[PDB]
>>> print(open('my_file-v3.txt').read())   # compact mmCIF, C-alpha atoms and all ligand atoms
# COMPACT_ATOMS: atom_id res chain seq x y z
CA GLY A 58 132.92 110.00 116.53
CA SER A 59 130.93 109.54 119.78
CA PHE A 60 127.14 109.46 119.92
CA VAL A 61 127.63 112.95 121.43
CA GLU A 62 129.88 113.58 118.33
CA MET A 63 126.93 112.42 116.18
CA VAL A 64 124.12 114.42 117.90
CA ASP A 65 122.76 117.35 115.82
CA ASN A 66 124.71 116.30 112.73
CA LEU A 67 121.75 116.93 110.38
CA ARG A 68 120.45 120.08 108.92
CA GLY A 69 117.87 120.99 106.25
CA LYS A 70 115.14 123.36 104.84
CA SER A 71 111.45 122.63 105.62
CA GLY A 72 110.16 120.12 102.97
CA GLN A 73 113.59 119.84 101.30
CA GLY A 74 114.95 117.03 103.44
CA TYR A 75 117.80 116.39 105.90
CA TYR A 76 121.48 116.27 105.05
CA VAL A 77 124.67 115.18 106.71
CA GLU A 78 128.21 116.34 106.04
CA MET A 79 130.47 113.85 104.26
CA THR A 80 134.01 113.94 102.89
CA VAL A 81 134.85 112.27 99.62
CA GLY A 82 138.27 111.92 98.07
CA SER A 83 141.81 112.69 99.01
CA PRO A 84 142.43 115.55 99.74
CA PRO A 85 139.00 115.71 101.43
CA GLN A 86 136.11 117.38 99.56
CA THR A 87 133.29 118.28 102.03
CA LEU A 88 129.69 118.12 100.70
CA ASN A 89 126.22 118.20 102.25
CA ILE A 90 124.44 114.91 101.48
CA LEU A 91 120.72 114.15 101.84
CA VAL A 92 119.99 111.14 104.05
CA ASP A 93 117.59 108.95 101.96
CA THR A 94 116.26 105.72 103.50
CA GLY A 95 114.15 105.26 100.37
CA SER A 96 116.91 104.51 97.86
CA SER A 97 120.18 102.75 97.83
CA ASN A 98 122.72 104.80 95.63
CA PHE A 99 125.37 107.14 97.00
CA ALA A 100 125.29 109.92 94.34
CA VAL A 101 126.88 113.36 94.28
CA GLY A 102 126.52 116.32 91.85
CA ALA A 103 129.85 116.37 89.91
CA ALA A 104 129.40 119.21 87.32
CA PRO A 105 128.19 122.82 87.46
CA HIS A 106 124.52 123.40 88.12
CA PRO A 107 122.62 126.71 88.49
CA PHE A 108 121.47 125.59 92.01
CA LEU A 109 124.79 124.17 93.23
CA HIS A 110 127.78 126.20 94.24
CA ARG A 111 129.95 123.18 95.13
CA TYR A 112 130.13 119.74 93.64
CA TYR A 113 132.33 116.64 93.73
CA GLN A 114 135.30 117.12 91.42
CA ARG A 115 136.59 113.68 90.48
CA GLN A 116 139.75 115.18 89.00
CA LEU A 117 140.82 116.70 92.37
CA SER A 118 140.71 113.29 94.17
CA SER A 119 143.98 111.30 94.08
CA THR A 120 141.99 108.31 95.44
CA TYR A 121 139.18 108.34 92.85
CA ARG A 122 138.85 105.35 90.49
CA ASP A 123 136.50 105.31 87.49
CA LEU A 124 134.37 102.12 87.12
CA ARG A 125 133.73 102.99 83.42
CA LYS A 126 129.99 102.40 83.70
CA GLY A 127 127.20 104.97 83.55
CA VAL A 128 123.91 104.93 85.44
CA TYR A 129 120.52 106.45 84.62
CA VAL A 130 118.03 107.03 87.47
CA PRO A 131 114.47 107.97 86.41
CA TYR A 132 111.88 109.21 88.93
CA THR A 133 108.18 109.84 88.33
CA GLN A 134 108.97 113.53 87.94
CA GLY A 135 112.69 113.95 87.13
CA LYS A 136 115.99 112.15 86.90
CA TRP A 137 119.68 112.00 87.57
CA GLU A 138 122.38 110.23 85.55
CA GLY A 139 126.12 109.92 85.96
CA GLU A 140 129.29 107.91 85.99
CA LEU A 141 130.05 105.21 88.55
CA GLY A 142 133.27 105.25 90.50
CA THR A 143 134.74 104.56 93.91
CA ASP A 144 136.45 106.87 96.46
CA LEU A 145 137.42 107.12 100.09
CA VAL A 146 134.47 108.41 102.11
CA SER A 147 134.25 109.77 105.62
CA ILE A 148 131.51 111.21 107.77
CA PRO A 149 133.18 114.12 109.82
CA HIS A 150 130.48 114.18 112.52
CA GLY A 151 130.09 110.39 112.60
CA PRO A 152 132.24 107.28 113.27
CA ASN A 153 136.01 107.60 113.20
CA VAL A 154 136.54 105.33 110.17
CA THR A 155 137.08 105.85 106.41
CA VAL A 156 135.84 103.56 103.69
CA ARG A 157 136.05 102.92 100.01
CA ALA A 158 132.49 103.21 98.67
CA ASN A 159 130.73 103.32 95.35
CA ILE A 160 129.91 106.84 94.26
CA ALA A 161 127.87 107.89 91.30
CA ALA A 162 129.15 111.17 90.00
CA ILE A 163 126.03 112.96 88.77
CA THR A 164 126.66 114.58 85.35
CA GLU A 165 123.10 115.54 84.29
CA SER A 166 119.84 115.96 86.29
CA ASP A 167 116.27 117.31 86.04
CA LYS A 168 114.12 118.56 88.92
CA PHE A 169 116.55 116.77 91.28
CA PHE A 170 118.55 119.63 92.99
CA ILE A 171 116.33 122.67 93.54
CA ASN A 172 116.63 126.32 94.64
CA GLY A 173 117.43 127.19 98.18
CA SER A 174 118.50 124.08 99.99
CA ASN A 175 121.98 123.12 100.43
CA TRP A 176 122.81 119.48 99.70
CA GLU A 177 124.86 118.43 96.73
CA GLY A 178 124.21 114.68 96.81
CA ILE A 179 122.09 111.79 98.18
CA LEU A 180 123.01 108.90 100.58
CA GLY A 181 120.81 105.99 99.76
CA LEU A 182 120.58 104.08 103.02
CA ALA A 183 118.26 101.27 101.88
CA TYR A 184 119.28 97.79 100.56
CA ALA A 185 121.13 96.50 97.50
CA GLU A 186 117.96 95.11 95.86
CA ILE A 187 116.81 98.56 94.72
CA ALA A 188 120.31 99.99 93.84
CA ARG A 189 120.86 101.26 90.24
CA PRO A 190 121.83 100.04 87.79
CA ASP A 191 121.37 96.68 89.58
CA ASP A 192 121.83 95.08 92.99
CA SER A 193 125.48 94.19 92.40
CA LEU A 194 126.32 97.87 93.12
CA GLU A 195 127.07 97.70 96.85
CA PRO A 196 125.41 100.59 98.86
CA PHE A 197 127.41 102.83 101.12
CA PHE A 198 126.14 101.33 104.43
CA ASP A 199 126.95 97.80 103.29
CA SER A 200 130.57 99.00 102.56
CA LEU A 201 130.71 100.80 105.94
CA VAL A 202 129.83 97.68 107.94
CA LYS A 203 131.90 95.24 105.80
CA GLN A 204 135.09 97.35 106.01
CA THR A 205 135.01 98.55 109.63
CA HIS A 206 133.66 97.30 113.00
CA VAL A 207 130.64 99.79 112.96
CA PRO A 208 127.51 97.78 114.12
CA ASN A 209 125.00 97.14 111.40
CA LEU A 210 122.52 99.76 112.55
CA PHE A 211 121.78 103.47 112.35
CA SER A 212 119.20 105.79 113.89
CA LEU A 213 117.45 108.96 112.82
CA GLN A 214 116.10 111.84 114.91
CA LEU A 215 114.48 114.29 112.45
CA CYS A 216 113.30 117.47 114.19
CA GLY A 217 110.68 119.47 112.22
CA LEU A 228 111.51 128.41 104.28
CA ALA A 229 112.28 127.34 107.88
CA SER A 230 115.52 125.64 108.97
CA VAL A 231 115.41 122.14 110.51
CA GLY A 232 118.00 120.06 112.54
CA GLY A 233 118.40 116.44 113.71
CA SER A 234 120.81 113.53 114.31
CA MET A 235 121.91 110.34 112.47
CA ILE A 236 123.54 107.95 114.90
CA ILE A 237 125.71 105.59 112.93
CA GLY A 238 126.13 102.18 114.53
CA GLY A 239 124.11 102.77 117.68
CA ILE A 240 121.24 104.16 119.70
CA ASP A 241 121.59 107.38 121.81
CA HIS A 242 119.22 107.39 124.77
CA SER A 243 119.25 111.21 125.00
CA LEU A 244 117.34 111.46 121.72
CA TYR A 245 114.13 109.74 122.98
CA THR A 246 111.69 109.29 125.91
CA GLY A 247 109.71 106.22 127.00
CA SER A 248 109.54 102.93 125.18
CA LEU A 249 111.20 101.75 121.97
CA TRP A 250 108.93 99.51 119.90
CA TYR A 251 110.08 97.26 117.08
CA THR A 252 108.30 96.27 113.90
CA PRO A 253 109.76 93.59 111.50
CA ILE A 254 111.38 94.62 108.26
CA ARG A 255 109.24 92.53 105.92
CA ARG A 256 111.81 92.30 103.09
CA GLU A 257 115.20 93.93 102.72
CA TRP A 258 114.74 96.25 99.70
CA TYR A 259 113.02 99.32 100.88
CA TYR A 260 112.62 99.50 104.70
CA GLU A 261 109.28 97.76 104.18
CA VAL A 262 106.95 97.39 107.15
CA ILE A 263 103.40 96.18 107.72
CA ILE A 264 100.58 98.37 109.01
CA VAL A 265 97.70 96.40 110.65
CA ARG A 266 95.28 99.14 111.65
CA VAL A 267 94.65 102.85 111.14
CA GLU A 268 92.66 105.14 113.43
CA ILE A 269 91.73 108.82 113.11
CA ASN A 270 90.97 110.24 116.57
CA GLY A 271 90.58 106.67 117.90
CA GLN A 272 88.14 105.72 115.11
CA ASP A 273 89.16 102.71 113.07
CA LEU A 274 89.17 103.17 109.32
CA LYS A 275 87.80 99.62 109.14
CA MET A 276 89.55 98.73 105.83
CA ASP A 277 90.89 95.31 104.84
CA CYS A 278 94.36 95.74 106.34
CA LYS A 279 96.01 94.79 103.06
CA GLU A 280 94.61 98.09 101.69
CA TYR A 281 97.04 99.84 104.13
CA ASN A 282 100.00 98.15 102.54
CA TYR A 283 98.99 98.33 98.93
CA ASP A 284 101.37 97.68 97.33
CA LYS A 285 103.90 98.28 100.06
CA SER A 286 104.56 100.41 103.21
CA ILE A 287 107.93 101.99 103.61
CA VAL A 288 109.91 104.22 105.99
CA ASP A 289 111.42 107.01 103.81
CA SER A 290 113.38 110.06 105.04
CA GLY A 291 113.60 111.12 101.29
CA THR A 292 109.84 111.86 101.21
CA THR A 293 108.18 114.85 102.82
CA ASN A 294 104.57 113.68 103.18
CA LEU A 295 102.79 110.82 104.71
CA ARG A 296 101.63 109.29 101.42
CA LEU A 297 98.78 106.90 101.46
CA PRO A 298 97.20 104.53 98.98
CA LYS A 299 94.30 106.09 97.10
CA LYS A 300 91.47 104.22 98.96
CA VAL A 301 93.14 104.80 102.28
CA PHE A 302 93.84 108.45 101.48
CA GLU A 303 90.17 109.01 100.60
CA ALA A 304 88.93 107.43 103.84
CA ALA A 305 91.44 109.48 105.88
CA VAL A 306 90.45 112.78 104.23
CA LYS A 307 86.75 112.01 104.78
CA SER A 308 87.50 111.41 108.45
CA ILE A 309 89.78 114.44 108.98
CA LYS A 310 87.25 116.62 107.04
CA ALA A 311 84.50 115.34 109.36
CA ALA A 312 86.52 116.29 112.46
CA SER A 313 87.58 119.76 111.22
CA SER A 314 84.05 120.58 109.93
CA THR A 315 83.71 123.95 111.70
CA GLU A 316 86.26 125.13 109.08
CA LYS A 317 85.38 124.62 105.39
CA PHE A 318 88.52 124.50 103.39
CA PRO A 319 88.87 124.71 99.59
CA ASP A 320 89.56 121.47 97.71
CA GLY A 321 92.99 122.79 96.83
CA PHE A 322 93.89 122.49 100.55
CA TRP A 323 93.05 118.79 100.87
CA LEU A 324 95.01 118.38 97.68
CA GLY A 325 98.10 119.96 99.22
CA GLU A 326 97.94 122.67 96.54
CA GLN A 327 96.76 125.57 98.78
CA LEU A 328 97.50 127.01 102.27
CA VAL A 329 94.87 127.75 104.90
CA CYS A 330 95.57 130.42 107.49
CA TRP A 331 94.51 131.80 110.90
CA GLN A 332 95.63 134.96 112.65
CA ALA A 333 99.00 134.39 114.48
CA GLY A 334 98.68 132.26 117.63
CA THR A 335 95.04 131.38 117.05
CA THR A 336 95.20 128.13 114.98
CA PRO A 337 92.46 125.69 116.33
CA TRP A 338 94.70 122.62 116.63
CA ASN A 339 91.98 120.80 118.61
CA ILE A 340 89.64 120.43 115.64
CA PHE A 341 92.23 118.37 113.77
CA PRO A 342 92.49 114.76 114.83
CA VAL A 343 95.42 112.58 115.71
CA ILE A 344 96.40 109.71 113.31
CA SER A 345 97.62 106.36 114.76
CA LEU A 346 99.21 103.75 112.51
CA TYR A 347 99.48 100.22 114.17
CA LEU A 348 102.56 98.36 113.01
CA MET A 349 103.13 94.61 113.22
CA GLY A 350 104.92 93.70 116.41
CA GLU A 351 107.85 91.28 116.75
CA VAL A 352 105.41 88.82 118.39
CA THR A 353 102.83 87.27 116.26
CA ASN A 354 99.37 88.73 117.10
CA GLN A 355 100.95 91.87 118.64
CA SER A 356 101.10 95.42 117.28
CA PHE A 357 102.01 98.90 118.62
CA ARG A 358 100.78 102.26 117.44
CA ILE A 359 102.56 105.37 116.42
CA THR A 360 100.42 108.46 116.87
CA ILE A 361 101.12 111.79 115.18
CA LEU A 362 99.55 115.27 115.92
CA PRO A 363 98.17 117.69 113.28
CA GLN A 364 101.34 119.68 114.08
CA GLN A 365 103.14 116.96 112.07
CA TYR A 366 100.71 116.65 109.15
CA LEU A 367 99.90 120.34 108.82
CA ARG A 368 103.13 122.05 107.81
CA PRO A 369 103.78 125.76 108.50
CA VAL A 370 104.59 127.91 105.45
CA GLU A 371 105.56 131.62 105.64
CA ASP A 372 104.73 133.80 102.55
CA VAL A 373 104.59 137.69 102.57
CA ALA A 374 102.19 140.68 103.04
CA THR A 375 100.03 138.59 105.44
CA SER A 376 103.01 137.25 107.45
CA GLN A 377 100.83 138.17 110.44
CA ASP A 378 98.79 134.94 109.70
CA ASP A 379 100.03 131.45 110.45
CA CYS A 380 99.49 129.51 107.22
CA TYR A 381 99.61 125.70 106.68
CA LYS A 382 99.83 123.09 103.97
CA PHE A 383 98.21 119.63 104.33
CA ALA A 384 101.00 117.12 104.12
CA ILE A 385 99.04 113.86 103.63
CA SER A 386 98.92 112.98 99.98
CA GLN A 387 97.65 110.25 97.56
CA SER A 388 99.98 107.44 96.46
CA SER A 389 99.84 104.84 93.71
CA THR A 390 102.97 103.19 95.04
CA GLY A 391 101.91 102.33 98.55
CA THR A 392 102.10 104.04 101.97
CA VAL A 393 105.19 106.17 102.48
CA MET A 394 106.05 107.21 106.06
CA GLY A 395 108.01 110.34 105.14
CA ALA A 396 109.08 113.32 107.24
CA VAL A 397 105.43 113.90 108.49
CA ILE A 398 105.74 110.63 110.42
CA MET A 399 109.46 110.47 111.17
CA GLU A 400 109.57 113.97 112.80
CA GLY A 401 107.46 112.55 115.66
CA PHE A 402 109.98 109.86 116.52
CA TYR A 403 113.37 108.52 117.04
CA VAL A 404 113.63 105.79 114.39
CA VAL A 405 116.08 102.90 114.70
CA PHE A 406 117.02 101.13 111.49
CA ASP A 407 118.24 97.87 113.08
CA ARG A 408 119.48 96.07 109.98
CA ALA A 409 121.36 93.40 112.11
CA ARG A 410 118.02 92.28 113.67
CA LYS A 411 115.91 93.00 110.55
CA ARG A 412 113.62 95.49 112.36
CA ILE A 413 112.67 99.11 112.78
CA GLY A 414 112.20 100.76 116.10
CA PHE A 415 110.12 103.77 117.12
CA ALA A 416 110.21 105.75 120.28
CA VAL A 417 108.95 109.28 121.05
CA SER A 418 111.60 111.88 119.99
CA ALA A 419 113.09 114.40 122.45
CA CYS A 420 112.37 117.11 119.79
CA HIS A 421 108.53 116.90 119.85
CA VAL A 422 106.53 119.54 118.03
CA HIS A 423 103.55 119.43 120.47
CA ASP A 424 100.23 120.89 121.90
CA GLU A 425 99.76 122.07 125.48
CA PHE A 426 97.10 119.26 125.65
CA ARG A 427 98.36 116.44 123.27
CA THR A 428 101.53 114.50 122.33
CA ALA A 429 102.93 112.22 119.54
CA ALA A 430 103.07 108.71 121.16
CA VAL A 431 104.44 105.21 120.66
CA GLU A 432 102.19 102.72 122.51
CA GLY A 433 101.76 98.95 122.85
CA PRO A 434 101.07 96.09 122.87
CA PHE A 435 97.69 95.74 121.32
CA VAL A 436 96.80 92.08 120.84
CA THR A 437 94.68 90.48 118.18
CA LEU A 438 93.14 87.02 117.92
CA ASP A 439 92.73 86.21 114.21
CA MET A 440 95.62 88.38 112.99
CA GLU A 441 94.97 88.13 109.24
CA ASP A 442 98.09 88.57 107.06
CA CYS A 443 98.26 92.31 106.16
CA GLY A 444 101.09 92.33 103.61
CA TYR A 445 100.36 92.52 99.89
CA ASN A 446 102.11 90.33 97.45
CA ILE A 447 103.33 92.34 94.43
CA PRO A 448 102.39 90.69 91.12
CA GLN A 449 105.54 89.16 89.79
CA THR A 450 106.59 90.47 86.38
CA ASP A 451 108.47 88.39 83.81
CA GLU A 452 111.24 91.12 83.91
CA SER A 453 111.68 90.40 87.68
CA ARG A 454 111.20 86.62 87.43
CA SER A 455 113.90 86.12 84.75
CA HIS A 456 116.93 88.00 86.22
CA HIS A 457 119.45 85.69 87.93
CA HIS A 458 120.93 86.60 91.25
CA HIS A 459 124.07 84.60 91.97
CA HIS A 460 124.33 86.16 95.48
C1 LIG B 1 114.84 111.65 97.82
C2 LIG B 1 114.39 112.65 96.75
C3 LIG B 1 115.43 113.77 96.60
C4 LIG B 1 114.32 111.94 95.42
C5 LIG B 1 113.70 112.89 94.38
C6 LIG B 1 114.08 112.85 93.06
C7 LIG B 1 113.45 113.74 92.16
CL1 LIG B 1 114.04 113.67 90.47
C8 LIG B 1 112.45 114.63 92.56
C9 LIG B 1 112.06 114.68 93.90
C10 LIG B 1 112.69 113.83 94.83
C11 LIG B 1 112.32 113.74 96.29
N1 LIG B 1 111.08 114.16 96.58
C12 LIG B 1 110.51 114.67 97.85
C13 LIG B 1 110.77 116.08 98.38
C14 LIG B 1 112.23 116.36 98.42
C15 LIG B 1 113.20 116.98 97.45
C16 LIG B 1 112.88 117.44 96.10
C17 LIG B 1 111.66 117.89 95.64
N2 LIG B 1 111.91 118.07 94.32
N3 LIG B 1 113.14 117.72 94.00
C18 LIG B 1 113.82 117.27 95.08
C19 LIG B 1 114.52 117.09 97.87
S1 LIG B 1 114.69 116.42 99.45
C20 LIG B 1 113.04 116.04 99.59
BR1 LIG B 1 112.42 115.20 101.25
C21 LIG B 1 109.14 114.09 97.99
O1 LIG B 1 108.71 113.75 96.91
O2 LIG B 1 108.42 114.00 99.00
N4 LIG B 1 113.10 113.19 97.12
ZN ZN B 2 131.72 119.71 110.21
ZN ZN B 3 122.49 82.71 85.89
ZN ZN B 4 121.19 90.19 92.23
>>> encode(input="my_file-v3.txt", output="C-alpha cells")
Amino acid sequence: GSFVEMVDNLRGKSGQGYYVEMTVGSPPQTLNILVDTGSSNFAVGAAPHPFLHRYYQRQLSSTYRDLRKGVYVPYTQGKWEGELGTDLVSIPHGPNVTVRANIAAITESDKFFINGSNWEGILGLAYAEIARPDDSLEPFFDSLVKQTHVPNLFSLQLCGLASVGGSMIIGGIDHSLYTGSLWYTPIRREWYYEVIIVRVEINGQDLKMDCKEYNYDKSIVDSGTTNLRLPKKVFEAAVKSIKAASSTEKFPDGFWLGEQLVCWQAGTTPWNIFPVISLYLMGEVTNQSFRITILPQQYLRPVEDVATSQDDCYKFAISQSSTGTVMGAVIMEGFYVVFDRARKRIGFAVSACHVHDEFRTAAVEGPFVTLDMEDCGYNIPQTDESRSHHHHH
C-alpha cells in the first residue's frame, strides 16, 4: 500500500461525492464507500435497496460481531438507521494493514443512497465528538491509528452525470499530487474539521464583514458536501458581488438559487466575467493568514441534459447555510488537502488536477499579516443538553 498504491484510489459521479474501495468481513466483501470528512460513523447499507445492487451481508462474515445496539441518524432532509457491530476492515488500495472497526449496518434509510452513483456506505473521517449515537463509538480512523503504525494523518486530492477521480493518501503526503507551497491552518476544535476564516474577497474586493460572520456558527472542511455553503449574510454579500461582476449576463433568480442552469453555445462560456473567490484562513502564526483562491470553474458546475447538448450548461454551486460555512467539493477540488490530525492542522496546496483557464489559476498564497487580528471564531451558545452530559474520557 504505497503512496503510488494509493494514487487514484477514488472515484465518483459529479455532485454525488467520492468513494474508496474497502473490504469488510472474512471472507472479504468489497464495497464502494463515500469518503466523508463531515461525519464520524463508518456505515454500510446492509439490506436490499432499489438503488443498491450490493450491500454488506453480516451473515456472510465469520468475523462479524453484533454490539446489540441500534443507531438512528437524522439529517435535515433524510436519515439512516441501523445496527452497530464490529468487523475486520481493509482498504485494498491503501495501507497494508487490517483492523477491527465499528460498523453500523444500515437497515433503513431515506434520501440517503440515490440513483446512479455507486457507493454502498459512508466513511466518516471526522472526530469522535460528533459520532452517533455518542462519542464513545470510536471512528474508523481512530481504530486505524490505534491498532497499526499508520501515521495519524490522511490527505485528499479530489479532481472535479460526469465521472470524477482522485486520491486519499492514508498516513502520508504524496508530493506528486500538488505544486508549490503547502499552507497550514489550525484545527480549532476536534469535532468537525473546524477552521477559522479571517477574510473573504471577490475579485480582490474585501467583503468587509465582521470576520465572525464568516464563521457563523462554524467553518468546516467537508468532502461529504458538494457546494461551498455560506452563512446567510455572507452568502448575500457574495451573490451581490458576483452578480455585479457578471452583469453583462442577466440570469434568472433560479440560477443564483442553484435551482436552474444557465447555458452558452459550446466553447463560448465567458469565464472572465465571473470573479475569483479567495478565503483567508488563520495561519499557524498568530497574526498570519494565507488565502485559498478558487476559479468560477470550481463554483460553476457543468451539467449535461439533452436536445440542446450542443450548449455548455452550468449550475451555481454556492449556496445559503444556516449551519455555518461548509468548504465542500467546490473548494476541495482546487486543492490537495492534508488532514494532519497529529499536528491538529489542515494543509492546502494547489492540486496537480487543476480545472483551469488559459489566463487564471486556483492558488494557495501567503503570508498576509495583520496587526490587530481580532478573534474570528464564534462561540456556539451552550445548551443545557450539551452542558449536562458527562465525558469520562
Ligand atoms: C455525506 C452525505 C451523503 C450525507 C447526506 C445524508 C442525506 Cl440523508 C442526504 C444528503 C447527504 C449528503 N449531501 C450532499 C450531496 C451528496 C449526496 C446525496 C445527496 N442526496 N443524498 C445523498 C451523496 S454524496 C454527496 Br457529496 C450535500 O448536501 O451537499 N451528503
Ligand atoms: Zn481494487
Ligand atoms: Zn459522570
Ligand atoms: Zn464523551
>>> residues_near_ligand(input="my_file-v3.txt", ligand="ligand ZN 4 (chain B)", cutoff="9 Å", atoms="all atoms listed in the file", output="short mmCIF file (atom, residue, chain, number, x, y, z; two decimals) with C-alpha atoms, in the coordinates of the input")
data_model
loop_
_atom_site.label_atom_id
_atom_site.label_comp_id
_atom_site.auth_asym_id
_atom_site.auth_seq_id
_atom_site.Cartn_x
_atom_site.Cartn_y
_atom_site.Cartn_z
CA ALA A 185 121.13 96.50 97.50
CA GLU A 186 117.96 95.11 95.86
CA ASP A 191 121.37 96.68 89.58
CA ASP A 192 121.83 95.08 92.99
CA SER A 193 125.48 94.19 92.40
CA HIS A 456 116.93 88.00 86.22
CA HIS A 457 119.45 85.69 87.93
CA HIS A 458 120.93 86.60 91.25
CA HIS A 459 124.07 84.60 91.97
CA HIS A 460 124.33 86.16 95.48
#
>>> residues_around(input="my_file-v3.txt", residues="residue 169 of chain A", least_positions_apart="4", cutoff="9 Å", atoms="all atoms listed in the file", output="PyMOL selection string")
chain A and resi 134-137
>>> write_last_selection(input="my_file-v3.txt", atoms="C-alpha atoms", output="JSON list (two decimals), keeping the file's coordinate frame")
[["chain", "number", "residue", "atom", "x", "y", "z"],
["A", 134, "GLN", "CA", 108.97, 113.53, 87.94],
["A", 135, "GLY", "CA", 112.69, 113.95, 87.13],
["A", 136, "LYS", "CA", 115.99, 112.15, 86.90],
["A", 137, "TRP", "CA", 119.68, 112.00, 87.57]]
>>> closest_residue(input="my_file-v3.txt", among="A:127, A:149, A:95, A:253", to="residue 184 of chain A", atoms="all atoms listed in the file")
A:95
>>> closest_residue(input="my_file-v3.txt", among="A:211, A:113, A:132, A:60", to="ligand LIG 1 (chain B)", atoms="only C-alpha atoms and all ligand atoms")
A:132
>>> atom_distance(input="my_file-v3.txt", atom1="atom CA of residue 278 of chain A", atom2="atom CA of residue 441 of chain A")
8.2 Å
>>> residues_around(input="my_file-v3.txt", residues="segment 96-103 of chain A", least_positions_apart="3", cutoff="8 Å", atoms="all atoms listed in the file", output="NGL selection string")
:A and (90 or 93 or 112-115 or 159-164 or 177-185 or 187-189 or 196-197 or 259)
>>> residues_near_ligand(input="my_file-v3.txt", ligand="ligand ZN 2 (chain B)", cutoff="9 Å", atoms="only C-alpha atoms and all ligand atoms", output="list in words")
residues 66, 78, 79, 87, 148, 149 and 150 of chain A
>>> closest_residue(input="my_file-v3.txt", among="A:272, A:204, A:375, A:386", to="residue 322 of chain A", atoms="all atoms listed in the file")
A:386
>>> residues_near_ligand(input="my_file-v3.txt", ligand="ligand LIG 1 (chain B)", cutoff="10 Å", atoms="all atoms listed in the file", output="VMD selection string")
chain A and resid 69 to 76 91 to 96 130 to 137 166 to 172 174 to 176 178 to 181 289 to 296 384 386 393 395 to 397
>>> residues_around(input="my_file-v3.txt", residues="residue 318 of chain A", least_positions_apart="2", cutoff="12 Å", atoms="all atoms listed in the file", output="number ranges by chain")
A: 306, 309-311, 313-316, 320-330, 381-383
>>> atom_distance(input="my_file-v3.txt", atom1="atom CA of residue 405 of chain A", atom2="atom CA of residue 427 of chain A")
23.9 Å
>>> atom_distance(input="my_file-v3.txt", atom1="atom CA of residue 116 of chain A", atom2="atom CA of residue 85 of chain A")
12.5 Å
>>> closest_residue(input="my_file-v3.txt", among="A:429, A:455, A:228, A:334", to="ligand ZN 3 (chain B)", atoms="all atoms listed in the file")
A:455
>>> residues_near_point(input="my_file-v3.txt", point="(140.5, 121.0, 95.4)", cutoff="8 Å", atoms="all atoms listed in the file", output="VMD selection string")
chain A and resid 84 86 114 117 to 118
>>> residues_around(input="my_file-v3.txt", residues="residue 358 of chain A", least_positions_apart="3", cutoff="8 Å", atoms="all atoms listed in the file", output="list in words")
residues 345, 346, 347, 348, 430, 431, 432 and 433 of chain A
>>> residues_around(input="my_file-v3.txt", residues="residue 387 of chain A", least_positions_apart="4", cutoff="7 Å", atoms="all atoms listed in the file", output="PyMOL selection string")
chain A and resi 296-299+302
>>> residues_near_point(input="my_file-v3.txt", point="(94.3, 96.7, 104.6)", cutoff="10 Å", atoms="only C-alpha atoms", output="CSV table (one decimal) with C-alpha atoms, in the coordinates of the input")
chain,number,residue,atom,x,y,z
A,263,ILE,CA,103.4,96.2,107.7
A,264,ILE,CA,100.6,98.4,109.0
A,265,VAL,CA,97.7,96.4,110.6
A,266,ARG,CA,95.3,99.1,111.6
A,267,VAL,CA,94.6,102.8,111.1
A,274,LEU,CA,89.2,103.2,109.3
A,275,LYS,CA,87.8,99.6,109.1
A,276,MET,CA,89.6,98.7,105.8
A,277,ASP,CA,90.9,95.3,104.8
A,278,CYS,CA,94.4,95.7,106.3
A,279,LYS,CA,96.0,94.8,103.1
A,280,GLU,CA,94.6,98.1,101.7
A,281,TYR,CA,97.0,99.8,104.1
A,282,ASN,CA,100.0,98.2,102.5
A,283,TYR,CA,99.0,98.3,98.9
A,300,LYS,CA,91.5,104.2,99.0
A,301,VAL,CA,93.1,104.8,102.3
A,441,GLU,CA,95.0,88.1,109.2
A,442,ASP,CA,98.1,88.6,107.1
A,443,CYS,CA,98.3,92.3,106.2
A,444,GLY,CA,101.1,92.3,103.6
A,445,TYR,CA,100.4,92.5,99.9
>>> build_atoms(input="my_file-v3.txt", residues="segment 122-132 of chain A", atoms="N, CA and C atoms", output="PDB file, in the coordinates of the input")
ATOM      1  N   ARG A 122     138.674 106.308  91.612  1.00  0.00           N
ATOM      2  CA  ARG A 122     138.850 105.350  90.490  1.00  0.00           C
ATOM      3  C   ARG A 122     137.554 105.268  89.703  1.00  0.00           C
ATOM      4  N   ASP A 123     137.644 105.387  88.382  1.00  0.00           N
ATOM      5  CA  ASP A 123     136.500 105.310  87.490  1.00  0.00           C
ATOM      6  C   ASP A 123     136.125 103.824  87.312  1.00  0.00           C
ATOM      7  N   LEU A 124     134.837 103.477  87.402  1.00  0.00           N
ATOM      8  CA  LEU A 124     134.370 102.120  87.120  1.00  0.00           C
ATOM      9  C   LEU A 124     134.017 101.917  85.653  1.00  0.00           C
ATOM     10  N   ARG A 125     134.013 102.997  84.867  1.00  0.00           N
ATOM     11  CA  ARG A 125     133.730 102.990  83.420  1.00  0.00           C
ATOM     12  C   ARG A 125     132.353 102.404  83.074  1.00  0.00           C
ATOM     13  N   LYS A 126     131.385 102.793  83.882  1.00  0.00           N
ATOM     14  CA  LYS A 126     129.990 102.400  83.700  1.00  0.00           C
ATOM     15  C   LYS A 126     129.089 103.548  84.141  1.00  0.00           C
ATOM     16  N   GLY A 127     128.123 103.874  83.283  1.00  0.00           N
ATOM     17  CA  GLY A 127     127.200 104.970  83.550  1.00  0.00           C
ATOM     18  C   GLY A 127     125.996 104.430  84.307  1.00  0.00           C
ATOM     19  N   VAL A 128     125.164 105.331  84.794  1.00  0.00           N
ATOM     20  CA  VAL A 128     123.910 104.930  85.440  1.00  0.00           C
ATOM     21  C   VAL A 128     122.874 105.999  85.119  1.00  0.00           C
ATOM     22  N   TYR A 129     121.641 105.573  84.935  1.00  0.00           N
ATOM     23  CA  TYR A 129     120.520 106.450  84.620  1.00  0.00           C
ATOM     24  C   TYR A 129     119.399 106.207  85.647  1.00  0.00           C
ATOM     25  N   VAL A 130     119.031 107.230  86.420  1.00  0.00           N
ATOM     26  CA  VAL A 130     118.030 107.030  87.470  1.00  0.00           C
ATOM     27  C   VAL A 130     116.761 107.891  87.279  1.00  0.00           C
ATOM     28  N   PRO A 131     115.731 107.283  86.678  1.00  0.00           N
ATOM     29  CA  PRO A 131     114.470 107.970  86.410  1.00  0.00           C
ATOM     30  C   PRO A 131     113.598 107.953  87.670  1.00  0.00           C
ATOM     31  N   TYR A 132     112.953 109.084  87.932  1.00  0.00           N
ATOM     32  CA  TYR A 132     111.880 109.210  88.930  1.00  0.00           C
ATOM     33  C   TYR A 132     110.586 109.533  88.172  1.00  0.00           C
TER      34      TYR A 132
END
